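> Sequence plus experimental coordinates follow:
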Amino acid sequence: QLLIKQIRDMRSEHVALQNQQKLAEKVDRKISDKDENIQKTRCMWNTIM
Amino acid sequence: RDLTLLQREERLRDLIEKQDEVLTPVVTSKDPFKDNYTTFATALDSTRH
Amino acid sequence: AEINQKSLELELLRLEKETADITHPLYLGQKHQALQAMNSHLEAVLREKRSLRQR
């Protein structure tokens, strides 16, 4: 009985999370430029300071 | 785990983009200013003694 | 399950540390102050342009 209850609860949780991932991937293609933007910003500050 | 990491990276990108927009004009005009100001200050300092 | 939770926490903290110089309010605040001091100084210099020129 315990195991039945636990599996049911987890299945419900898995569906909820799948709906949230589908909304987030429509935004991400452009990530290949992060480390480069951070270093660029850091460099600009260092130059000013 | 994947959802939580994506949310944090998005916040970081937003913050870097806002800073790049305002830092770029200041770094480009720096060297002419520093040189003009130093020459000015040295000239002014020679009149006080 | 417990290992997985702590592992996530660790990963998050590591990301925050690596980007603190450009993102954390503390460090950004210090940069603001330095910039305001110079602004004020330049304003003064521009206000006394005539006298400075004469000198």
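Nice, thanks for sending it over. Numbers count the residues shown, from 1 in each chain, chains lettered A, B, ... in the order given.

> CA only for contacts and neighbour counts going forward, please
Will do.

> Quick check: next helix or strand after the helix of greatest length in chain B?
Selection of the longest helix in chain B by residue count, based on DSSP state H, yields helix B:2-28. Later in the chain than helix B:2-28, the nearest helix or strand by DSSP states H and E is helix B:30-45.

> Other residues contacting that next one?
Residues from elsewhere that reach helix B:30-45 (CA atoms under 8 Å, 6 or more residues apart in numbering or on different chains): A:48, C:52, C:55.

> how does it look with 10 Å?
Applying CA atoms under 10 Å, 6 or more residues apart in numbering or on different chains, the contact partners of helix B:30-45 are A:47, A:48, C:52, C:53, C:55.

> Now, those residues that are in helices?
A:47, A:48, C:52, C:53.

> export these to a markdown table and tack on neighbour count?
Formatted as a markdown table, these follow (neighbours: other CA atoms under 10 Å in any protein chain shown):
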| residue | neighbour count |
| --- | --- |
| A:47 | 10 |
| A:48 | 13 |
| C:52 | 12 |
| C:53 | 8 |
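
> Could you list which of those residues also contact chain B?
A:47, A:48, C:52, C:53 (CA under 10 Å from any CA of the partner chain).

> list the contacts for the last one?
Contact criterion CA under 10 Å, 6+ apart gives residue B:44 as the residues in contact with residue C:53.

> Now for residue A:21: which residues touch it?
B:2, B:3, B:6.

> what's the spacing between residue C:29 and residue A:2?
54 Å (CA to CA, to the nearest Å).

> which one of the contacts of residue A:21 has the most neighbours?
Greatest neighbour count in these, by other CA atoms under 10 Å in any protein chain shown, goes to residue B:6: 16 neighbours.

> and the gap between that one and residue C:49?
53 Å.

> What's the local residue count around residue A:28?
Counted with other CA under 10 Å, residue A:28 comes out at 10.

> For it, grab phi and psi.
phi -100, psi 0 (degrees, to the nearest 10).

> Repeat that for residue A:26.
Dihedral angles (degrees, to the nearest 10) for residue A:26: phi -60, psi -20.

> burial of it, as a residue count?
If we define neighbours as other CA under 10 Å, then residue A:26 has 8 of them.

> coming back round to it: return the list of helices and strands in contact with the longest helix of chain B.
helix A:2-25, helix A:34-48, helix C:2-18 (3 or more CA pairs under 10 Å, 6 or more residues apart in numbering or on different chains; DSSP states H and E).
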